[PDB]
>>> print(open('start_36.txt').read())   # compact mmCIF, C-alpha atoms and all ligand atoms
# COMPACT_ATOMS: atom_id res chain seq x y z
CA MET N 147 42.65 -143.59 8.38
CA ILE N 148 41.05 -146.94 9.56
CA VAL N 149 37.95 -147.52 7.34
CA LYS N 150 35.79 -150.46 8.55
CA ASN N 151 33.66 -152.40 6.01
CA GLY N 152 29.99 -151.37 6.63
CA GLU N 153 30.95 -147.75 7.53
CA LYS N 154 28.37 -145.30 6.04
CA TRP N 155 29.52 -141.82 4.80
CA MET N 156 27.17 -138.80 4.44
CA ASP N 157 24.01 -140.99 4.00
CA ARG N 158 25.46 -141.70 0.46
CA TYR N 159 28.42 -144.24 0.46
CA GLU N 160 28.74 -147.64 2.18
CA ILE N 161 32.43 -148.72 2.37
CA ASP N 162 32.92 -152.38 1.38
CA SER N 163 36.67 -153.16 1.13
CA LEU N 164 40.22 -151.96 0.38
CA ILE N 165 41.04 -152.22 -3.38
CA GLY N 166 44.41 -150.48 -3.40
CA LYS N 167 47.06 -148.43 -1.55
CA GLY N 168 49.71 -145.93 -2.73
CA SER N 169 52.07 -143.15 -1.59
CA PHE N 170 48.90 -140.90 -1.87
CA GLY N 171 46.58 -142.90 0.52
CA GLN N 172 44.05 -145.67 -0.30
CA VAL N 173 41.35 -146.78 -2.80
CA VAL N 174 38.18 -148.46 -1.42
CA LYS N 175 35.18 -150.14 -3.02
CA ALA N 176 31.99 -148.30 -1.93
CA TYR N 177 28.25 -148.46 -2.80
CA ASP N 178 26.74 -145.11 -3.91
CA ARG N 179 23.03 -145.12 -2.74
CA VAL N 180 22.23 -142.11 -5.04
CA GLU N 181 23.37 -143.40 -8.45
CA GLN N 182 22.76 -146.99 -7.17
CA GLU N 183 26.14 -148.31 -8.37
CA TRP N 184 29.51 -149.39 -6.97
CA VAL N 185 32.33 -146.79 -7.15
CA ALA N 186 36.07 -146.64 -6.37
CA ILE N 187 36.92 -143.90 -3.84
CA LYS N 188 40.56 -142.69 -3.77
CA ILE N 189 41.13 -141.37 -0.20
CA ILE N 190 44.08 -138.95 -0.04
CA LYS N 191 46.16 -138.85 3.17
CA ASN N 192 45.42 -135.94 5.57
CA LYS N 193 48.88 -134.28 4.93
CA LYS N 194 49.45 -130.95 3.13
CA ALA N 195 51.85 -132.49 0.55
CA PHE N 196 49.41 -135.23 -0.54
CA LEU N 197 46.36 -132.86 -0.44
CA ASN N 198 48.02 -130.18 -2.66
CA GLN N 199 49.17 -132.67 -5.30
CA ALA N 200 45.70 -134.39 -5.29
CA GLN N 201 44.08 -130.91 -5.82
CA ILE N 202 46.09 -130.72 -9.11
CA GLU N 203 44.90 -134.26 -9.98
CA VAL N 204 41.21 -133.22 -9.42
CA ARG N 205 41.73 -130.06 -11.53
CA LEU N 206 43.19 -132.08 -14.48
CA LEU N 207 40.40 -134.75 -14.29
CA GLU N 208 37.69 -131.98 -14.21
CA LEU N 209 39.45 -130.26 -17.20
CA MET N 210 39.29 -133.60 -19.16
CA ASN N 211 35.57 -134.17 -18.22
CA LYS N 212 34.40 -130.85 -19.77
CA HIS N 213 35.81 -132.03 -23.23
CA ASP N 214 33.05 -134.32 -24.75
CA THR N 215 34.91 -135.98 -27.73
CA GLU N 216 35.20 -139.64 -29.00
CA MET N 217 38.86 -139.72 -27.73
CA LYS N 218 38.07 -138.91 -24.03
CA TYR N 219 36.74 -142.45 -23.07
CA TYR N 220 40.17 -144.18 -22.53
CA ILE N 221 40.59 -142.12 -19.27
CA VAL N 222 39.01 -143.20 -15.96
CA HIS N 223 35.90 -141.08 -15.18
CA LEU N 224 36.11 -138.91 -12.04
CA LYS N 225 32.42 -138.77 -10.95
CA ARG N 226 32.95 -136.21 -8.10
CA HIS N 227 35.15 -135.29 -5.12
CA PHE N 228 34.51 -134.12 -1.56
CA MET N 229 36.38 -133.43 1.70
CA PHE N 230 35.62 -135.95 4.52
CA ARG N 231 37.40 -136.05 7.98
CA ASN N 232 40.08 -133.76 6.32
CA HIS N 233 40.82 -136.30 3.50
CA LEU N 234 40.25 -135.22 -0.14
CA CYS N 235 38.13 -138.09 -1.59
CA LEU N 236 37.98 -138.75 -5.39
CA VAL N 237 35.02 -140.91 -6.59
CA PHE N 238 35.66 -142.89 -9.82
CA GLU N 239 33.70 -145.46 -11.83
CA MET N 240 34.67 -149.05 -10.83
CA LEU N 241 37.18 -150.68 -13.16
CA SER N 242 38.67 -154.23 -13.20
CA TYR N 243 42.27 -155.45 -12.72
CA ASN N 244 45.42 -153.79 -14.13
CA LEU N 245 47.74 -154.87 -16.98
CA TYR N 246 50.55 -155.85 -14.52
CA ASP N 247 48.08 -158.38 -12.99
CA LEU N 248 47.23 -159.48 -16.55
CA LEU N 249 50.95 -160.21 -17.18
CA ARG N 250 51.30 -161.96 -13.74
CA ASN N 251 48.30 -164.14 -14.79
CA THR N 252 50.29 -165.21 -18.00
CA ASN N 253 53.23 -166.22 -15.67
CA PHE N 254 54.98 -163.26 -17.37
CA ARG N 255 54.93 -165.02 -20.80
CA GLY N 256 52.98 -162.07 -22.35
CA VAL N 257 49.71 -161.60 -24.28
CA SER N 258 49.25 -162.12 -28.06
CA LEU N 259 50.33 -159.55 -30.66
CA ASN N 260 46.55 -159.15 -31.40
CA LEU N 261 45.71 -158.25 -27.76
CA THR N 262 48.88 -156.04 -27.63
CA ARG N 263 47.57 -154.23 -30.77
CA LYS N 264 44.13 -153.61 -29.12
CA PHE N 265 45.89 -152.12 -26.04
CA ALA N 266 48.22 -150.03 -28.27
CA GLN N 267 45.27 -148.55 -30.24
CA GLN N 268 43.35 -147.53 -27.12
CA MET N 269 46.48 -146.06 -25.40
CA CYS N 270 47.48 -144.08 -28.56
CA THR N 271 43.87 -142.73 -28.67
CA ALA N 272 44.14 -141.70 -24.98
CA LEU N 273 47.51 -139.93 -25.64
CA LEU N 274 45.89 -138.15 -28.69
CA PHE N 275 43.16 -136.90 -26.31
CA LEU N 276 45.67 -135.64 -23.68
CA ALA N 277 47.53 -133.80 -26.51
CA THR N 278 44.37 -131.67 -27.20
CA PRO N 279 45.93 -128.14 -27.07
CA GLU N 280 43.61 -126.83 -24.31
CA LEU N 281 44.53 -129.96 -22.20
CA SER N 282 48.24 -130.56 -23.11
CA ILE N 283 48.33 -133.02 -20.17
CA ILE N 284 51.46 -135.11 -19.44
CA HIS N 285 50.43 -138.27 -17.54
CA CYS N 286 54.06 -138.69 -16.27
CA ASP N 287 53.50 -142.21 -14.71
CA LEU N 288 52.35 -144.59 -17.50
CA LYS N 289 53.03 -148.23 -16.60
CA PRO N 290 51.07 -151.52 -16.72
CA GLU N 291 49.77 -150.97 -13.11
CA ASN N 292 48.20 -147.61 -14.21
CA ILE N 293 46.19 -149.20 -17.04
CA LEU N 294 42.95 -151.00 -15.94
CA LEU N 295 40.60 -153.28 -17.83
CA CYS N 296 37.04 -151.84 -17.95
CA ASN N 297 35.57 -155.38 -17.49
CA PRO N 298 37.34 -158.71 -16.70
CA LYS N 299 35.49 -160.36 -19.68
CA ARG N 300 36.72 -157.70 -22.20
CA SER N 301 39.85 -156.00 -23.67
CA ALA N 302 38.71 -152.35 -23.17
CA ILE N 303 41.21 -150.35 -21.00
CA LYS N 304 41.38 -146.97 -19.25
CA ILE N 305 44.34 -145.02 -17.83
CA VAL N 306 44.22 -144.17 -14.09
CA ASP N 307 46.45 -142.24 -11.64
CA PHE N 308 46.80 -138.60 -12.77
CA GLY N 309 48.62 -138.18 -9.41
CA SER N 310 51.96 -137.05 -11.03
CA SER N 311 50.32 -135.44 -14.06
CA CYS N 312 51.00 -131.81 -15.10
CA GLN N 313 50.01 -129.58 -18.03
CA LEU N 314 52.78 -128.65 -20.48
CA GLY N 315 54.60 -125.63 -18.95
CA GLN N 316 53.33 -126.52 -15.40
CA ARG N 317 56.23 -128.94 -14.48
CA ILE N 318 56.97 -129.28 -10.73
CA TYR N 319 59.46 -132.21 -10.44
CA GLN N 320 62.59 -132.96 -12.51
CA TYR N 321 62.53 -136.58 -11.24
CA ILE N 322 59.36 -138.22 -12.58
CA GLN N 323 57.99 -141.46 -14.17
CA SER N 324 58.56 -145.00 -12.85
CA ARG N 325 62.21 -145.84 -13.60
CA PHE N 326 61.54 -148.78 -16.06
CA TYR N 327 59.22 -146.40 -18.08
CA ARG N 328 61.37 -143.20 -17.64
CA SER N 329 62.20 -141.36 -20.90
CA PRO N 330 65.81 -140.48 -21.83
CA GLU N 331 64.93 -136.73 -21.58
CA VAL N 332 63.88 -137.22 -17.89
CA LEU N 333 66.98 -139.44 -17.11
CA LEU N 334 69.04 -136.60 -18.70
CA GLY N 335 67.42 -133.83 -16.60
CA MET N 336 65.87 -132.05 -19.61
CA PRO N 337 62.62 -130.00 -19.70
CA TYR N 338 60.00 -132.62 -20.70
CA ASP N 339 56.75 -132.56 -22.77
CA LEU N 340 53.97 -134.99 -23.79
CA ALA N 341 56.55 -137.18 -25.69
CA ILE N 342 57.69 -138.79 -22.35
CA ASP N 343 54.30 -140.69 -22.24
CA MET N 344 54.91 -142.11 -25.76
CA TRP N 345 58.34 -143.42 -24.57
CA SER N 346 56.58 -145.11 -21.59
CA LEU N 347 53.97 -146.56 -24.02
CA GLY N 348 56.65 -148.07 -26.26
CA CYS N 349 58.25 -149.75 -23.20
CA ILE N 350 54.81 -150.97 -22.00
CA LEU N 351 53.75 -152.55 -25.33
CA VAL N 352 57.01 -154.57 -25.66
CA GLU N 353 56.53 -155.83 -22.04
CA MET N 354 52.83 -156.70 -22.63
CA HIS N 355 53.97 -159.07 -25.48
CA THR N 356 57.25 -160.50 -23.97
CA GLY N 357 55.97 -160.66 -20.34
CA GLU N 358 59.10 -158.81 -19.11
CA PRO N 359 60.10 -155.14 -18.76
CA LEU N 360 62.15 -153.92 -21.77
CA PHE N 361 64.53 -151.80 -19.62
CA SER N 362 64.57 -153.02 -15.95
CA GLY N 363 67.16 -150.60 -14.50
CA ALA N 364 68.05 -150.99 -10.78
CA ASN N 365 68.92 -147.23 -10.65
CA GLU N 366 69.21 -144.39 -13.22
CA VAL N 367 72.75 -145.40 -14.34
CA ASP N 368 71.59 -149.04 -14.94
CA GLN N 369 68.42 -147.69 -16.66
CA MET N 370 70.37 -145.56 -19.18
CA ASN N 371 72.86 -148.47 -19.78
CA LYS N 372 69.93 -150.86 -20.55
CA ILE N 373 68.43 -148.28 -22.98
CA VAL N 374 71.87 -147.83 -24.71
CA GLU N 375 72.21 -151.67 -25.06
CA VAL N 376 69.11 -151.62 -27.34
CA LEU N 377 69.17 -148.15 -28.97
CA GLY N 378 72.88 -147.07 -28.98
CA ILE N 379 74.49 -143.86 -27.69
CA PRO N 380 71.94 -140.98 -27.71
CA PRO N 381 72.53 -138.36 -30.46
CA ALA N 382 75.16 -135.68 -29.72
CA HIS N 383 72.65 -132.80 -30.24
CA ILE N 384 70.58 -134.23 -27.30
CA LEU N 385 73.60 -134.95 -25.02
CA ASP N 386 75.08 -131.45 -25.76
CA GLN N 387 71.87 -129.91 -24.26
CA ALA N 388 71.40 -132.26 -21.28
CA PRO N 389 72.11 -131.08 -17.71
CA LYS N 390 72.76 -134.72 -16.62
CA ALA N 391 74.53 -136.12 -19.74
CA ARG N 392 77.77 -136.55 -17.62
CA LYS N 393 75.87 -138.82 -15.16
CA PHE N 394 76.04 -141.46 -17.98
CA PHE N 395 78.30 -140.25 -20.85
CA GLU N 396 81.71 -138.63 -21.71
CA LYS N 397 82.37 -136.15 -24.57
CA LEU N 398 85.68 -136.53 -26.57
CA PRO N 399 87.82 -133.88 -28.40
CA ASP N 400 85.90 -134.42 -31.74
CA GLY N 401 82.46 -133.71 -30.10
CA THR N 402 81.51 -137.46 -29.99
CA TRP N 403 80.02 -139.06 -26.83
CA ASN N 404 80.62 -142.53 -25.27
CA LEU N 405 79.36 -144.38 -22.20
CA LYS N 406 81.06 -143.67 -18.91
CA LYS N 407 82.19 -147.27 -17.99
CA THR N 408 82.06 -148.51 -14.31
CA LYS N 409 83.38 -151.89 -12.82
CA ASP N 410 82.19 -155.09 -14.62
CA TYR N 415 76.40 -154.68 -20.69
CA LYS N 416 76.13 -155.66 -24.41
CA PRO N 417 77.90 -153.09 -26.63
CA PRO N 418 75.76 -150.04 -27.60
CA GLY N 419 72.86 -150.90 -29.95
CA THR N 420 73.66 -154.67 -30.12
CA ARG N 421 70.70 -155.93 -27.97
CA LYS N 422 68.39 -155.71 -31.03
CA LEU N 423 64.62 -155.18 -30.50
CA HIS N 424 64.41 -157.55 -33.57
CA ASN N 425 65.68 -160.41 -31.27
CA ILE N 426 63.80 -159.32 -28.10
CA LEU N 427 60.53 -159.61 -30.09
CA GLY N 428 61.71 -162.80 -31.92
CA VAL N 429 60.53 -161.26 -35.27
CA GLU N 430 62.18 -164.05 -37.37
CA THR N 431 62.19 -166.70 -34.58
CA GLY N 432 58.54 -167.37 -33.49
CA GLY N 433 58.13 -164.34 -31.15
CA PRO N 434 59.36 -163.94 -27.54
CA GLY N 435 61.22 -167.13 -26.45
CA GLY N 436 59.86 -168.69 -29.71
CA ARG N 437 56.54 -169.19 -27.81
CA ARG N 438 54.33 -167.85 -30.71
CA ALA N 439 55.79 -170.20 -33.47
CA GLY N 440 52.97 -171.14 -35.88
CA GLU N 441 50.28 -169.07 -34.04
CA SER N 442 47.86 -167.07 -36.24
CA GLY N 443 48.53 -163.25 -36.29
CA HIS N 444 52.29 -163.64 -35.43
CA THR N 445 53.82 -163.68 -38.95
CA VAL N 446 57.24 -162.02 -39.60
CA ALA N 447 55.28 -159.22 -41.48
CA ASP N 448 53.04 -158.62 -38.39
CA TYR N 449 56.18 -158.51 -36.17
CA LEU N 450 58.05 -156.08 -38.47
CA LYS N 451 55.15 -153.57 -38.33
CA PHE N 452 55.13 -153.84 -34.51
CA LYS N 453 58.96 -153.44 -34.35
CA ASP N 454 58.79 -150.34 -36.63
CA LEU N 455 56.08 -148.70 -34.49
CA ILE N 456 57.96 -149.40 -31.23
CA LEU N 457 61.28 -148.01 -32.61
CA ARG N 458 59.37 -144.80 -33.56
CA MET N 459 57.98 -144.61 -29.97
CA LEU N 460 61.59 -145.12 -28.65
CA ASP N 461 63.20 -142.29 -30.71
CA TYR N 462 65.77 -140.61 -28.39
CA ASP N 463 64.67 -137.24 -29.89
CA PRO N 464 61.37 -136.05 -28.27
CA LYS N 465 61.01 -133.66 -31.26
CA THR N 466 60.91 -136.53 -33.85
CA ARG N 467 59.43 -139.32 -31.60
CA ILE N 468 56.11 -140.47 -33.14
CA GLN N 469 53.03 -138.51 -31.93
CA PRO N 470 49.68 -140.16 -31.09
CA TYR N 471 47.80 -139.25 -34.33
CA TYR N 472 50.64 -140.57 -36.51
CA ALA N 473 50.97 -143.70 -34.30
CA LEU N 474 47.24 -144.40 -34.99
CA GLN N 475 47.94 -144.20 -38.82
CA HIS N 476 50.83 -146.75 -38.57
CA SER N 477 50.52 -149.97 -40.67
CA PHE N 478 50.47 -151.99 -37.36
CA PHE N 479 46.83 -150.85 -36.98
CA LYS N 480 45.74 -151.57 -40.65
CA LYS N 481 43.39 -154.57 -41.45
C1 LIG N 501 43.27 -149.72 -8.04
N1 LIG N 501 42.31 -148.80 -8.67
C2 LIG N 501 42.56 -147.44 -8.95
BR1 LIG N 501 44.15 -146.53 -8.66
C3 LIG N 501 41.46 -146.91 -9.54
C4 LIG N 501 41.35 -145.57 -9.98
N2 LIG N 501 41.23 -144.48 -10.36
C5 LIG N 501 40.47 -147.94 -9.63
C6 LIG N 501 39.14 -148.03 -10.10
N3 LIG N 501 38.51 -146.99 -10.64
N4 LIG N 501 38.51 -149.21 -10.02
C7 LIG N 501 39.17 -150.25 -9.47
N5 LIG N 501 40.40 -150.29 -8.97
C8 LIG N 501 41.03 -149.11 -9.08
>>> encode(input="start_36.txt", output="structure tokens")
Amino acid sequence: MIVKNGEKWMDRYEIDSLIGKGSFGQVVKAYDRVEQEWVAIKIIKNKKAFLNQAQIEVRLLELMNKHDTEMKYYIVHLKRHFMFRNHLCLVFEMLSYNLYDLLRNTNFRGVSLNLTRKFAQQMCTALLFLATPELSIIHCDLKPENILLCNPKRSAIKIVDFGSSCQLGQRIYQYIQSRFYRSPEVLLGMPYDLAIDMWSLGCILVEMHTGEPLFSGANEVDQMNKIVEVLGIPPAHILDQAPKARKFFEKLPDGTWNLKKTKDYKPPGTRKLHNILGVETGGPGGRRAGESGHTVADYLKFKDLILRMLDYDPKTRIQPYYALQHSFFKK
């Protein structure tokens, strides 16, 4: 769909410019003459596949809207939706630039532990809200690009792109999440729950502070190998229940598991998050040496929280309420 700047829709919206594009269609900046404000309009492609998935996205956003609580305001507000020229159109509040752009603006050197903490608190609050029983919504595509600043002057954020999202027990796809942020349970082909978003968050928070993705796999086998470098071989009880365990691992006579090796990774569990964060060495690449709010003690709290978010076991992985009570968030 060609949308000229200046185009008027339904004596209500004046199209200004293209903000964004995706597999789903496009996002435009538009002026709403009724509310007298600028809005972001997500225009879904005129194809059955994209329409049907966007209808689920609208349903989940409307479900979230009807829950007025103090935890709901870290999610982008869907204002309304309509059909226009056979495109489902979703109208959101305007937000600012995304956390990938924030990292690109640091030349991928990362933001402070204090700004990382502010992001972590908001995102944990958002995940607590999605875990509301009557919602039980799995985002399924958390990544820096899907987290937007509310205002370029400020550190408030909201999550966008409920395009892949599903309620617990309403799974469609086995293959979900962006690979760098993909949970071990999804790599392993296991039935997934809200814990996959907490895995993504853990990955995201390390990257926000280092500037670089924690686990930058080139394909699923590389992804799982990069996870094993930092966290070791997944527990046997998980691998024993995983449809895809033998994509990555081999079981021995004594019920132990080991990596499948290919042609020539650091040995399992020897790429320590302790060294990635630079806990005892002035932070990532020693770039935070002597900076306020980047003490060893501050770093150890952060490391502890992240290792709880990166539990292989989705049963025992930290949940949003408990993440919010972690010492990392104490004054
Ligand atoms: C790129 N982008 C997306 Br996706 C939005 C949503 N939802 C959004 C938005 N609401 N404001 C600005 N840019 C945006």
>>> closest_atom_pairs(input="start_36.txt", of="chain N", to="ligand LIG 501 (chain N)", cutoff="6 Å", atoms="all atoms listed in the file", output="CSV")
residue,atom,partner,partner_atom,distance
N:165,CA,N:LIG501,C1,5.7
N:166,CA,N:LIG501,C1,4.8
N:186,CA,N:LIG501,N3,4.9
N:238,CA,N:LIG501,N3,5.1
N:239,CA,N:LIG501,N3,5.2
N:240,CA,N:LIG501,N4,3.9
N:241,CA,N:LIG501,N4,3.7
N:242,CA,N:LIG501,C7,5.5
N:306,CA,N:LIG501,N2,4.8
N:307,CA,N:LIG501,BR1,5.7
>>> closest_residue(input="start_36.txt", among="N:378, N:290, N:433, N:389", to="residue 420 in chain N", atoms="all atoms listed in the file")
N:378
>>> closest_residue(input="start_36.txt", among="N:232, N:254, N:220, N:162", to="residue 193 in chain N", atoms="all atoms listed in the file")
N:232
>>> residues_around(input="start_36.txt", residues="residue 225 in chain N", least_positions_apart="5", cutoff="10 Å", atoms="only C-alpha atoms", output="list in words")
residues 185, 186, 187, 207, 208, 211, 236, 237, 238 and 239 of chain N
>>> atom_distance(input="start_36.txt", atom1="CA of residue 190 in chain N", atom2="CA of residue 171 in chain N")
4.7 Å
>>> decode(input="start_36.txt", residues="range 324-336 of chain N", atoms="N, CA, C and O atoms", output="PDB file, in the first residue's frame")
ATOM      1  N   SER N 324      12.818 -13.944  18.799  1.00  0.00           N
ATOM      2  CA  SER N 324      14.012 -13.617  17.998  1.00  0.00           C
ATOM      3  C   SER N 324      15.156 -14.444  18.565  1.00  0.00           C
ATOM      4  O   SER N 324      15.268 -14.564  19.813  1.00  0.00           O
ATOM      5  N   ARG N 325      15.973 -15.015  17.676  1.00  0.00           N
ATOM      6  CA  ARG N 325      16.930 -16.092  18.041  1.00  0.00           C
ATOM      7  C   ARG N 325      17.799 -15.657  19.216  1.00  0.00           C
ATOM      8  O   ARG N 325      17.978 -16.493  20.126  1.00  0.00           O
ATOM      9  N   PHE N 326      18.400 -14.458  19.201  1.00  0.00           N
ATOM     10  CA  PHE N 326      19.313 -14.012  20.291  1.00  0.00           C
ATOM     11  C   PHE N 326      18.603 -14.044  21.661  1.00  0.00           C
ATOM     12  O   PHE N 326      19.292 -14.230  22.707  1.00  0.00           O
ATOM     13  N   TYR N 327      17.271 -13.893  21.666  1.00  0.00           N
ATOM     14  CA  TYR N 327      16.434 -13.740  22.885  1.00  0.00           C
ATOM     15  C   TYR N 327      15.587 -15.004  23.119  1.00  0.00           C
ATOM     16  O   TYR N 327      14.766 -14.964  24.055  1.00  0.00           O
ATOM     17  N   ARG N 328      15.856 -16.093  22.382  1.00  0.00           N
ATOM     18  CA  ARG N 328      15.040 -17.330  22.388  1.00  0.00           C
ATOM     19  C   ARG N 328      15.471 -18.162  23.606  1.00  0.00           C
ATOM     20  O   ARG N 328      16.658 -18.369  23.843  1.00  0.00           O
ATOM     21  N   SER N 329      14.472 -18.589  24.380  1.00  0.00           N
ATOM     22  CA  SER N 329      14.620 -19.357  25.618  1.00  0.00           C
ATOM     23  C   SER N 329      15.076 -20.780  25.274  1.00  0.00           C
ATOM     24  O   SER N 329      14.831 -21.294  24.179  1.00  0.00           O
ATOM     25  N   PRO N 330      15.783 -21.455  26.204  1.00  0.00           N
ATOM     26  CA  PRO N 330      16.171 -22.842  25.998  1.00  0.00           C
ATOM     27  C   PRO N 330      14.950 -23.732  25.729  1.00  0.00           C
ATOM     28  O   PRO N 330      15.024 -24.604  24.846  1.00  0.00           O
ATOM     29  N   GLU N 331      13.848 -23.513  26.451  1.00  0.00           N
ATOM     30  CA  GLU N 331      12.630 -24.351  26.250  1.00  0.00           C
ATOM     31  C   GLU N 331      12.164 -24.262  24.793  1.00  0.00           C
ATOM     32  O   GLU N 331      11.796 -25.303  24.242  1.00  0.00           O
ATOM     33  N   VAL N 332      12.157 -23.078  24.182  1.00  0.00           N
ATOM     34  CA  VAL N 332      11.763 -22.918  22.756  1.00  0.00           C
ATOM     35  C   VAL N 332      12.813 -23.548  21.817  1.00  0.00           C
ATOM     36  O   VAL N 332      12.384 -24.274  20.896  1.00  0.00           O
ATOM     37  N   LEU N 333      14.109 -23.332  22.035  1.00  0.00           N
ATOM     38  CA  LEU N 333      15.185 -24.007  21.266  1.00  0.00           C
ATOM     39  C   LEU N 333      14.960 -25.525  21.348  1.00  0.00           C
ATOM     40  O   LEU N 333      15.112 -26.192  20.336  1.00  0.00           O
ATOM     41  N   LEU N 334      14.513 -26.026  22.496  1.00  0.00           N
ATOM     42  CA  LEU N 334      14.389 -27.473  22.740  1.00  0.00           C
ATOM     43  C   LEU N 334      13.027 -28.033  22.314  1.00  0.00           C
ATOM     44  O   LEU N 334      12.804 -29.268  22.507  1.00  0.00           O
ATOM     45  N   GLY N 335      12.147 -27.200  21.776  1.00  0.00           N
ATOM     46  CA  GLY N 335      10.872 -27.659  21.205  1.00  0.00           C
ATOM     47  C   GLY N 335       9.851 -27.983  22.266  1.00  0.00           C
ATOM     48  O   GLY N 335       8.946 -28.786  21.997  1.00  0.00           O
ATOM     49  N   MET N 336       9.961 -27.382  23.442  1.00  0.00           N
ATOM     50  CA  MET N 336       9.091 -27.730  24.590  1.00  0.00           C
ATOM     51  C   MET N 336       7.902 -26.765  24.655  1.00  0.00           C
ATOM     52  O   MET N 336       7.928 -25.650  24.121  1.00  0.00           O
TER      53      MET N 336
END
